[PDB]
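The data below hold one chain only, encoded as C-alpha cells and taken in the form deposited in one PDB entry.
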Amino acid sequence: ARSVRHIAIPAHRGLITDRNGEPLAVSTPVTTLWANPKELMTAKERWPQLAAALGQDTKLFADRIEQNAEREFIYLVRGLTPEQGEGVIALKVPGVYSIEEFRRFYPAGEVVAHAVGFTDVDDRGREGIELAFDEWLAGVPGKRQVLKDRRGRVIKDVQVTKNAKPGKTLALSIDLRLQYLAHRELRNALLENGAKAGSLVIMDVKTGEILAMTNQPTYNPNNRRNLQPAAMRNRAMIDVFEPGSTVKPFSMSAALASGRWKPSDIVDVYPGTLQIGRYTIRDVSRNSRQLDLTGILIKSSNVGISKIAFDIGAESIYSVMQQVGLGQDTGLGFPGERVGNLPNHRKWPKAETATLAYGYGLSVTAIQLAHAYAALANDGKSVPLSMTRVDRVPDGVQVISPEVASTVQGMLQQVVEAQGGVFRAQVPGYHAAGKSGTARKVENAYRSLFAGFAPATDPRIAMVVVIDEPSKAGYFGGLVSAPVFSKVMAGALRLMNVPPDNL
C-alpha cells in the first residue's frame, strides 16, 4: 500500500495593531517537531537523548511512542523557536521531522488583554478581537499532496492549490496611549480604595469608536499558565449591573421631550421619602423640599425622579433607554458579551415606573452605559459602536432631539461645576459633564460609578468608570470614581490635542 495525505501550508495570520499602527498581536514564525513512530521504532537507542531535549521523563516518552506504534504521526512539541528547533534537529534522530508554524505574541501584554484576546495552539482565535475577526485575521492556507510508500519516502509532493494567502491587517479603534492611561489609573484607584475589580471604557462620541477598554484584574496573555477565572473576565462587556443614578439623565430627556418639563421647573421631594403601597422610596440626602431638575441630579434624588416618572409615564422613559442602547444588542459581535435586560412592561405600575426611572429597574454593561452617554454628548445622535478603526463613519440615528440633548448636557455640566456638585469629577482646562452613581449589590457591597463626557462646548469623548466593592475609604461615586474620571479625561483629552474650552 501507499499513503496519500494532504498537509496544509500555514497562512501568516494578520497583524493586529492599535488605531495608530502600534503592534498588539503579531504572528511570528516558530518550529514544531513531529515524529513517525514507525521510523522511531527502528532507532530506540536514540529515544532517551530526545527525551532530555524535550525535557520529558525517559520512560514516559518511551511509553507514549510504543502506545502509538501503529500510527504514522504524533506531535513532539509545538512552537519552539528556530534556534530551539535546530538544537533538537542536530541530534539527527531517525523519525524526527519539522515544519515552520506561526505562533502569536502580544507586545502590549496585559494592558490590552481582554480587548485583543488570544489564539489556540492551531493559531485560531478563541478570545476577544482575535476570535470575533478570526475570518479576517486567519487568511487562506495552502494544501500539499504528499505521496509516500509506507516506509518513509516521499514519492510525489505538489501544491494542489494557490499559494497560502496571508491574513489581513486589523487596526483597532483603541488608542494604546489612552488605553495605557486608563489601565494604570484604574489599577491605581483599586489599590487606593481596596476594591476587588473595575472597568473603564472610553468612547469617541462622534465616530462610535471604543478609544479604550480596560478591566481589572487583568492577565499577561503571553504567559497563560497560572490563570485565575476572574482575571480573564472582560468586565466592561460581561459584568451586567444596575446603572442606578447614571440613567437619571435619560429619564430627564424623556421628561424634557414630553413637553411638560423645563429645567427650571420644580418638584417637591419632602421629606426625602415616598410611600408606594408598602414599598418606600428614599433619598440619601434628605434636606430638600423643592428641587429643580438640575437639583434632582445634583442631590441625586430618587424621590424627585420618581415623581417626574409618574407625571410623564414609564413608556416614554423606556423609549429613550431602548434607543440609546441600554439592555440592547451592542453589535460588536463579541464572544459571550452580555446584553443585560431592559424589560418592556408595555404598561408599567407605580413601583416599576419609579424603579426604572432611578435605574434599579434595568441592568447594563459599562460599554452600553458609555455608548448611551456618547449619544447624549453627540447632540442625541447615536453612532454605531466599533472596536475596529472607523475611517468612514456610518450615518447615526438621532435618538433624542438636538435641543433636548443640549439641555441635558448643560444640566450635567452643572452637576459637575455647580455648588455642592460632584467637584472631584472636574477636569482642569476643560468644561466637563457627567453623573455619579452608587449601586448596592444584593455585608453591604457597593459598585462605585461615574459616567461623563467632555468638553462641554463640543464633546469629543464619553467615559465610564466602574469600581467594584471598594472598602478602604468611602464608597460613593462622587468620592471613588469621580477622581478617576477626572485624571483619565484630563490626560485623554491632551493626548488627542483637544483644545481647552474653559477660557
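Basically, rigid core = biggest C-alpha set you can superpose within 1.5 Å across the two forms. Note that residue numbering follows the sequence shown and begins at 1.
From this point on, the text means the form deposited in another entry, which you will not see here.
- Only one entry in 223, 163, 273, 169 has its C-alpha moved by 2 angstroms or more between the shown form and the other one when the rigid core is superposed, and that entry is 163.
- Superposed on the core, the two forms barely differ at residue 423: its CA moves less than 2 Å between the shown form and the other one.
- Annotation: Cα of residue 153 displaced by at least 2 Å between the shown form and the other one, core superposition.
- After superposition on the rigid core, the Cα of residue 483 moves by less than 2 Å between the shown form and the other one.
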